[PDB]
Each structure stands twice: as C-alpha cells, then as structure tokens.
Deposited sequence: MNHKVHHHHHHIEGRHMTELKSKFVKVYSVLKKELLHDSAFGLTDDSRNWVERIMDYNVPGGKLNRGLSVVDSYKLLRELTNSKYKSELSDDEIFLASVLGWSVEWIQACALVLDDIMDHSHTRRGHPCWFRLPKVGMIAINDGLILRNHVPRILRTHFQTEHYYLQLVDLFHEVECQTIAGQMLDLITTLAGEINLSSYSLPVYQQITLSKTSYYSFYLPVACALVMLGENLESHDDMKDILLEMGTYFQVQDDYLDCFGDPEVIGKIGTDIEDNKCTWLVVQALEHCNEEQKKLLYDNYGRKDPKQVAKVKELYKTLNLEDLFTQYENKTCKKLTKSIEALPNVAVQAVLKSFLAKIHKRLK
C-alpha cells in the first residue's frame, strides 16, 4: 500500500543529502551527524498525510483544470510537488518541537534543547525552496506563502506554550477563544491551507484570488482538531490504535473548554479537583462530567452544522478543481473514526 507514496518518501533522503553536503553551508563531520540526527528524529516517519496532500492536491488540480500540454504528471512534476510536500513536513516538524516538554526547574534547560533543534530545521526550508525553485517565476510567491504559514505557526506555538504552562497552575486559563487561536495559527495553517496553496502556486496561480478557499481550509482545520480532541476521549482505541491521554495529560481540549463554559461552580470545582491525573478514578469522573454536560451531542451538533456550512461555501466556489479538491478533503475527514 505505497505506490506514488513510496516514490514520495525517497525525496526526503535526496533533500537531506543536499542539505548536509551543501557547499554554501559547510559542516564538520560531527556537525553533520548532529544535524542529521535532529532531521531524522523529527521529520521522516509518521503518516505523512500532510506532505502527501500537497502531491495529491497538485495531481487533482492538474487532472481537472489542465490547460497544460499533457494531463499525466511529469517525473519532474511529481518530484517538485514532493519537495514542497516535504517542506510542509519540515514546517510541521518545527511546530511540534515543543509538544512534550511537560519538575519545573528542569523545564527551561529542556525547553532550550528543543528550541535549538527547531532552529536547525527552520533554517532548512529556505534552502530547500531556494535550491529547487529559485528559477521559477512563482518563487517569490512561494517564499511569501511559506513565510506567512511559518509565522502563523510560531504564534500558535507560543500561545500553546503560554497556555499549557498556565494550565498547570490554573485550569481556568483554558478558554474558548484561546483554544481557537492555538488550533488556527499553530495547526490549521500548515495542515489544510499550506498543502493546497503549494499546489496552486506551482500550478501557476495567484493566492489572493482564492481568499474564499483559504477561509474554508482554515475552518476545516479547526473542525479537524475538534475531531481529534473528541476521539481522544471516546473512539474505540482498537480502531484509532491509541489510548486516550488528553484528559490525563492535562491538555487544552475542545471538551475541557466547552465543559467549563456550560458547567457551573459545583461542576467547575469537580473539574479542578479531578482533571489531569493518571488514575482512572479521576479520568472517569471527568468523562462522566462530559457525558452529564451532553458534550457528545454538542459535538455532533457542531459537526453537522459546520459540515453544512463548508459544503455550502464549497459548492459556491467558482473553481471546479478547487472545490473538487476541498470536497475530497472534507469527505476524508467526515465522521472519521480514525
């Protein structure tokens, strides 16, 4: 089960050798190994669905719009899309650098190591894009698109940092607006906007002519994160392949915030005294408070209403290839159990 995905995976190794044995940025033999270890720990491995969606999207935009000379994707076409797909995976790798880190005094030294790891990787994307796109017309537009998503990611990463730290001293810091900003800037941009926007820039398109699609993808990114959060609570761990830890891990879950908005005083103090522990006695009291607040129903309500909104906004787009791409994104997420 790999096909063009196997053809995609190889590109990481090509970019990695380029980045390491680059004359413009020399490296000690010890520097190279140190950088390569950071690269391999952080960037390859995983589902790769974000980077691949760049290639899958570029393939669907070409298949439908065309007006190019042939509809089959060139080997050089597949490769360049994969280079952007892997740039996406680098952006992603940087965004997650901090997600462990979690007593307190050991935290800034620990955090310092992680920050420098991402510093190394962040300085890779400009070089990747320059090596492989410096000559195209759209190069400057591509640098913009990446600068925007890169900068929005860093903002979301900083808020998630402030927020996950402030959550250890007071759960009331987790709020609905803050959750939406973290989800939007830290995740939605690279996850849903960035792939397709990459396919469009190399397809020879201007992004300022797709603001209606950019709002759709960003909202679809929020919807996707509300899904993950919900699944981490209850969703057949044998289907997901993972045990839910968000309630234990003291995460800023869509569930937790919707809880503290609807539940009051007595229910609120129940949550402070039971959220984020490791024995199931408190984990179940939480899961029961969510059931008491009907949060499975509030979620399923949110799901159908948001799906209707986006399908409407999608059916209302002028670009049939774009909407065909967004329709595949939305149906691949809808009511997914995994």
field: Missing segments of the deposited chain sequence, listed N- to C-terminal
entry: 1-16, 119-128
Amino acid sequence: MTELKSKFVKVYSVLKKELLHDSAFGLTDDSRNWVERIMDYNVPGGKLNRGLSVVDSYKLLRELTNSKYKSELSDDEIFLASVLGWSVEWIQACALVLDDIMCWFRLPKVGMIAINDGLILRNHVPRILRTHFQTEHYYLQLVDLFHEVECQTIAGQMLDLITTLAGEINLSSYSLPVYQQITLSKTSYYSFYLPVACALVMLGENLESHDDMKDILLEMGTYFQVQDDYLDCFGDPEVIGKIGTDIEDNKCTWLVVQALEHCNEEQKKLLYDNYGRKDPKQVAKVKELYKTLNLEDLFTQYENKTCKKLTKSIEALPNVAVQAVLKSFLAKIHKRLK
From here on, numbers count along this sequence of modelled residues.
task: Decide which of the stretches 273-281 and 46-54 has the higher mean C-alpha B-factor, going by the entry.
output: 273-281
message: Test of understanding: from the entry's C-alpha B-factors, which stretch has the higher mean, 32-40 or 291-299?
response: 291-299
task: Identify, among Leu19, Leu326, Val11, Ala316, the residue whose C-alpha carries the highest B-factor in the deposited PDB entry.
output: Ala316
query: If you compare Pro237, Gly118, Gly221, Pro126, which has the highest Cα B-factor in the entry?
result: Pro237
- prompt: With respect to C-alpha B-factor, does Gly244 fall in the lowest, middle or highest third of the chain as deposited?
  reply: highest
task: Ordered by C-alpha B-factor within the chain, which third holds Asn264? Give me lowest, middle or highest, please.
output: highest
- line: The third of the chain into which the C-alpha temperature factor of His210 falls is the middle
task: Place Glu150 in the lowest, middle or highest third of its chain's C-alpha B-factors, as listed in the PDB entry.
output: middle
- prompt: Would the CA B-factor of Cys103 place it in the lowest, middle or highest third of its chain?
  reply: highest
